[PDB]
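J.: return atomic coordinates for the entry below.
(chains A, B, C and D)
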4 protein chains.
Amino acid sequence: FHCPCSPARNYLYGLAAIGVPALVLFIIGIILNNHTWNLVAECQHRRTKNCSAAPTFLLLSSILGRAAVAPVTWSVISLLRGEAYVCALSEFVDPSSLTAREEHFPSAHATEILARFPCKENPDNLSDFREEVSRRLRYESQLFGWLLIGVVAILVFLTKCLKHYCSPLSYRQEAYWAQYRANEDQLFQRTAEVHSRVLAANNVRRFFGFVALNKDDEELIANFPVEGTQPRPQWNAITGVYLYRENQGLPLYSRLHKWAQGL
Amino acid sequence: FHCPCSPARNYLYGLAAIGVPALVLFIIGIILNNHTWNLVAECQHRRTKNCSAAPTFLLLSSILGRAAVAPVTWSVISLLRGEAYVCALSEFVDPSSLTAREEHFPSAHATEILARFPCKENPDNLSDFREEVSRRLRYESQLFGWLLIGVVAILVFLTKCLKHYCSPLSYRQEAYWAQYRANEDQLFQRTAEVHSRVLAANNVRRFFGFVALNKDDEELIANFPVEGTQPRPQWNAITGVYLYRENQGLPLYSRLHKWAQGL
Amino acid sequence: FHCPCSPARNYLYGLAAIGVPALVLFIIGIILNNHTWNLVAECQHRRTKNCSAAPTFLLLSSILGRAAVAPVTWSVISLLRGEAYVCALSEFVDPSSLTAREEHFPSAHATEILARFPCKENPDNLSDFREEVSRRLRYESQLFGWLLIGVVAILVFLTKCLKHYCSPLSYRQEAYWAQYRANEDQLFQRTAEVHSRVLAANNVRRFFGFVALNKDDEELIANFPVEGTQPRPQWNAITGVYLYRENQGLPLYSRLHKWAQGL
Amino acid sequence: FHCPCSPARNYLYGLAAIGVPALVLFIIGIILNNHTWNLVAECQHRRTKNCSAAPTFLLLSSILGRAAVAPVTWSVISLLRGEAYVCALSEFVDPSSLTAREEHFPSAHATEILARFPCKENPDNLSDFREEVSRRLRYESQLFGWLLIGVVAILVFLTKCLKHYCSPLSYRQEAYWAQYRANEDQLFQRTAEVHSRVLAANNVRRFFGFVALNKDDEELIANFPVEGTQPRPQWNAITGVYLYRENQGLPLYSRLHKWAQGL
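T.: Residues are numbered from 1 along each chain as shown, chains lettered A, B, ... in the order given. Please find the structure below.
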């Protein structure tokens, strides 16, 4: 942050350099993760089963949750240090009503001096106004910073009590279901890695006559032999957002876990 | 902390920067822990057994206890250092009655000088008032800090003697019941982790044909085989705040321990 | 970056030294990689099967993707530091309308002074214009830099949602197909290395009478004996861009995997 | 680089010290390598089989490729630093048209001052011309440097797409043939070393009565016994540039690999 000194551009850089890189870190927070493409894939084809993404409230809360842990931490760091609106508030400082400061403000040369304070463009004659612009800037920016942690914390406390109203299940079952879905997509990424390598090694060997494996890959084809035959519908019946249902007395904790009960 | 220098805003920053971040660390102290969602889950559905959260006094004391170990430590650190109300008390300093200081206070230019002391906005002419504003500020803020440890300690001593009046049981049974509940929710979190992994590994294997386990996970499916079948009522009958009762001659130390006696 | 000071050449170096080395790192990003020569080889001969490179959208997106991870990172580093157009914007600064700066601009000696600001060629008389040229330069260049991360991130989010519309398959199958193609061309490069060494060692031995192998090469000819006989058509039927098809119920994940099903 | 200051010699050192050591590193790039003597040996005797070196385009491209990776890297390092033509361009600076600089140029004493700028031979009176000779020199030399990387990169991209037009084979066969020829001339240099030592050790032993071997040389004569008998025609039938042909259904990847098929 290095703010400018000129009117018709000065007030821009306050709201911009405090908010705009938080908005760009917001979008990168959506993209770089994994969990948003469930909703994207559950609305492109959606297999005509659920509409309007109504049971995906836990999805939408969780995707915005990680999308706000990045920029709000950056937005209060760009607020607790105090350099948010150093030349933006100064465009709205009243010329006669800025008390506790001897006004060096004439009728016409006021507002340009009001748009050149934190540029190190104020002369030494405004040393009393150095007491007054460290007054406004450091005090209100530090206060907004700890209140923004306040409004984030009260919104977390509101949405967590709301989630514990609109849930079918307990909070111990909700802790278990969260430990399930992290254990399924770790074992599914790790097995699709190994089942790809054994399918690739059968294909290279059919071309040359052999393959070139290390020691650990050699036992890996010994234990886990493949012939890749699961079609595109069986890759479609396990993609989706979530699925909490009941199989007439039993819980189903994911989209794949409804499929393995079908056999 | 960097306090401002101007009236109609100066007295704000004293009470605010001493109390408001303690209030926000208060709410984060409630949210980040585990134990408050028992009361939340025991009032959303509550299974129509207990009303008004009357036996949850030990709950409400313990949840506010951890919620006050964070900010009160921060609130006396923002009181023992002495920078709490450095420009807030100065808005209430009497112009003629501030003795042990030669008053440089005329009729109209008094109170603005009273609102610009600790900003480094006081000129050298108030060097006697540097002796007088390190008088008021460092003395009363250090005294309030060690008295706030005093009022916290006397309130701890009051509520502990009160808890030892409104308890059915001893204090050696209360030490044992506290060692029980830490040993149950450590073994319940650790077993729900393992029982999730064995349920996820059966589901991936039903899709691909095998799974991709490490060495320790391989023996883990060997020792602990699952088929997840405990319904939503049996996940509901073990959630709740506490349960001290008697099974006609025997104590029951938790909500789950009433359930295991039912079999 | 060290920008000059003279008109008819000053405005050149702004757009050039910010964009032109990004354009050259763009072409090196295309060349140095592996994946673009699939499209080149699938259009020189192309074996008269597919036309106009229509199913190669995932190819063209991926090749431009790595071709933009190099220069855009360099282009915002040459924009966040602020030295992009330091003597290029100064050729377009209005002589009378550059407010918040006392204009030392006469009728004829203006624009040459406008073309000699950041060269350290401005005298001390333009110290107010040092406040004004650190105004324009550092403010707008830092803003364009974080907006260029913005336009890159919104274009990433647009093309990823578009790719998840124009895809036949899921996103879990797309993660598996990406793990396949990295495992096939790692085992194909590694086996063509070993199958070349065993073909070269049979040729040297036929000349001298023996060969000069290390210990690891000695067991390598023991396990993997060759006689290189796969012709030029069988090296042609496995080159190509991609091939997602269906073998009437089963997926085919690469060009080689269509060939191994033919046997 | 330390450039002089006098006309009729000043403009020489610009083109010379930027280009001439690149020309000498060009010739050393041809000589020190291995691969150019194939063309030399395939034109001195050439065994009356191929004429005009027509299928050696991949040879001529590869030999100039390593012959340009050395000096072009040095030629842009002698261009990006900016000291290429510091007293060569100054011999062509126009006396009246060198704008953005107060001309201290009379009718007769101009051009000698134009030939003594970067020698530290300019007096302090040309301090404005220090702004003007760091203008011309650092700006245009840095621009030519990143454009020379540009013209090298566009010529690489042109000749690689041309090579993928004038090739009989694929690009996966071309990657395999490049792994063959590095594995053949590593095993041929290593076996001609060992087959020389066993031929030398039989000759010394026939003189003295024994030989003086280490431990590793002792087993080396045990495993690999020789009697050097391959004549000068059989050393002639394996030298040559390349040989891609077809043995009626099969590829031949080198000159030696045509010979081993003859047996």
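J.: okay, now residue A:87: neighbour count?
T.: Using other Cβ atoms under 10 Å in any protein chain shown, residue A:87 has 29 other residues around it. No exception for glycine: its C-beta is placed from N, CA and C like everyone else's.
J.: need the residues of the stretch 101-250 of chain A near chain C, please.
T.: Residues of the stretch 101-250 of chain A lying close to chain C (Cβ under 8 Å from any Cβ of the partner chain) are A:112, A:115-116, A:119-121, A:188-189, A:192-193, A:195-197, A:199-204, A:206-213, A:228-229, A:231-232, A:235-236, A:238-239.
J.: contacting chain B as well, which ones from those?
T.: Counting by Cβ under 8 Å from any Cβ, the members of these near chain B are A:188, A:192-193, A:195, A:238.
J.: okay, among those residues, which ones form the most distant pair?
T.: A:193 and A:238 (16.8 Å; Cβ to Cβ).
J.: out of those two, which sits in the busier spot?
T.: Set side by side, residue A:193 and residue A:238 show more neighbours around residue A:238, with 20 against 16, by other Cβ under 10 Å.
J.: so the more buried one, which state does it fall into?
T.: Going by DSSP: H, G, I helix; E, B strand; the rest coil, the secondary structure assigned to residue A:238 is coil.
J.: list the residues that contact it.
T.: A:255-256, A:259, B:207, C:172 (Cβ atoms under 8 Å, 6 or more residues apart in numbering or on different chains).
J.: ok, these vs residue C:23, which is closest?
T.: Nearest to residue C:23 among the contacts of residue A:238, counting by Cβ to Cβ, is residue C:172 at 37.8 Å.
J.: ok, the closest one to residue A:188 distance?
T.: Residue C:172 sits at a distance of 8 Å from residue A:188 (criterion: Cβ to Cβ, to the nearest Å).
J.: cool, residue A:205 as well?
T.: Distance, residue A:205 to residue A:188, by Cβ to Cβ: 26 Å.
J.: who's more crowded, these two?
T.: More neighbours sit around residue A:188 than around the other of residue A:205 and residue A:188, counting by other Cβ under 10 Å; the figures are 24 against 17.
J.: going by secondary structure, that one is in what exactly?
T.: With elements taken from DSSP states H and E, the one containing residue A:188 is helix A:172-207.
J.: before we move on, what SS does the residue in chain A sticking out farthest from the centre have?
T.: Computed with Cα atoms, centre = their mean, the residue of chain A farthest from its C-alpha average is residue A:209, at 49.0 Å. State at residue A:209, reduced to three classes by three-state DSSP: coil.
J.: that one contacts residue C:226, correct?
T.: Yes - at 7.1 Å, residue A:209 counts as touching residue C:226 under the criterion of Cβ atoms under 8 Å.
J.: rewinding a little: anything in the helix holding residue A:188 near chain D?
T.: No - contact check for helix A:172-207 against chain D, using Cβ under 8 Å from any Cβ: none in range, with a minimum separation of 10.3 Å.
J.: now do stretch A:129-148: distance to the chain's middle.
T.: 28 Å (Cα atoms, centre = their mean, to the nearest Å).
J.: now do stretch A:183-192
T.: A distance of 24 Å separates the centroid of the chain from that of stretch A:183-192, by Cα atoms, centre = their mean.
J.: take that stretch, keep the C-alpha atoms, and write them as CSV.
T.: These are the backbone C-alpha positions of stretch A:183-192, laid out as CSV (Å, rounded to 0.1, in the frame of the first residue of the first chain):
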residue,chain,number,x,y,z
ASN,A,183,-11.7,-40.7,4.8
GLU,A,184,-13.6,-41.6,1.7
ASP,A,185,-12.1,-39.0,-0.6
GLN,A,186,-8.7,-39.8,0.7
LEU,A,187,-9.0,-43.5,0.0
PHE,A,188,-10.7,-42.7,-3.3
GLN,A,189,-8.0,-40.5,-4.6
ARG,A,190,-5.4,-42.9,-3.5
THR,A,191,-7.0,-46.0,-5.1
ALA,A,192,-7.7,-44.2,-8.4
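J.: residue A:206 and residue C:185, how far apart?
T.: As defined by Cβ to Cβ, residue A:206 lies at a distance of 15 Å from residue C:185.
J.: ok, residue A:147 next?
T.: Counting by Cβ to Cβ - residue A:147 and residue C:185 are separated by 55 Å.
J.: how about the CA coordinates for the strand or helix carrying residue A:59, as PDB?
T.: Residue A:59 belongs to helix A:57-69 when assigned by DSSP H and E. Included here for helix A:57-69 are C-alpha records, laid out as PDB according to Å, rounded to 0.1, in the frame of the first residue of the first chain:
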ATOM      1  CA  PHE A  57     -27.000 -25.500   2.700                       C
ATOM      2  CA  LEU A  58     -24.200 -27.300   4.500                       C
ATOM      3  CA  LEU A  59     -22.400 -27.200   1.100                       C
ATOM      4  CA  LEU A  60     -22.900 -23.500   0.500                       C
ATOM      5  CA  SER A  61     -21.900 -22.600   4.100                       C
ATOM      6  CA  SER A  62     -18.700 -24.700   3.900                       C
ATOM      7  CA  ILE A  63     -17.700 -23.400   0.500                       C
ATOM      8  CA  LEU A  64     -18.100 -19.700   1.600                       C
ATOM      9  CA  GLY A  65     -16.400 -20.600   4.900                       C
ATOM     10  CA  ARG A  66     -13.100 -21.500   3.300                       C
ATOM     11  CA  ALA A  67     -13.700 -18.600   0.900                       C
ATOM     12  CA  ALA A  68     -13.800 -16.200   3.800                       C
ATOM     13  CA  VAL A  69     -10.900 -17.500   5.900                       C
END
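J.: so how many other residues sit close to the nearest residue to residue A:37 once chain neighbours are set aside?
T.: The shortest distance from residue A:37 to any residue that is not its chain neighbour, by Cβ to Cβ, 6 or more residues apart in numbering or on different chains, is 5.3 Å, and that residue is residue C:171. Close neighbours of residue C:171, defined as other Cβ under 10 Å, add up to 18.
J.: could you do residue A:86 as well?
T.: 23.
J.: pretty sure it contacts residue A:4?
T.: No - in terms of Cβ under 8 Å, residue A:86 does not count as a neighbour of residue A:4; the distance is 10.2 Å.
J.: related to what we said a few turns ago, now the angle from the helix or strand that the helix holding residue A:188 is followed by to helix A:172-207?
T.: Next helix or strand after helix A:172-207 toward the C-terminus (DSSP H and E): helix A:215-223. Relative orientation of helix A:215-223 with respect to helix A:172-207: 100 degrees, computed using axes from the mean of the first three to the mean of the last three Cα atoms, to 10 degrees.
J.: what sits up against helix A:215-223?
T.: A:194, A:197-198, A:201, A:213, B:210.
J.: could you redo the last one with a cut-off of 10 Å?
T.: Contacting residues not belonging to helix A:215-223 are listed as A:194, A:197-198, A:201-202, A:205, A:211, A:213-214, B:210, B:212, C:183, C:187 [Cβ atoms under 10 Å, 6 or more residues apart in numbering or on different chains].
J.: widest-spaced pair of those residues?
T.: Using Cβ to Cβ, the contacts of helix A:215-223 span at most 21.2 Å, a distance reached by A:205 and B:212.
J.: before we move on, back to that, residue C:199 is in contact with the residue farthest from the centre of chain A, correct?
T.: No - taking Cβ atoms under 10 Å as the definition, residue A:209 is not a contact partner of residue C:199, at 11.5 Å.
J.: wait, residue A:31 sits on residue C:156?
T.: Yes - counting by Cβ under 10 Å, a contact exists between residue A:31 and residue C:156, whose distance comes to 5.9 Å.
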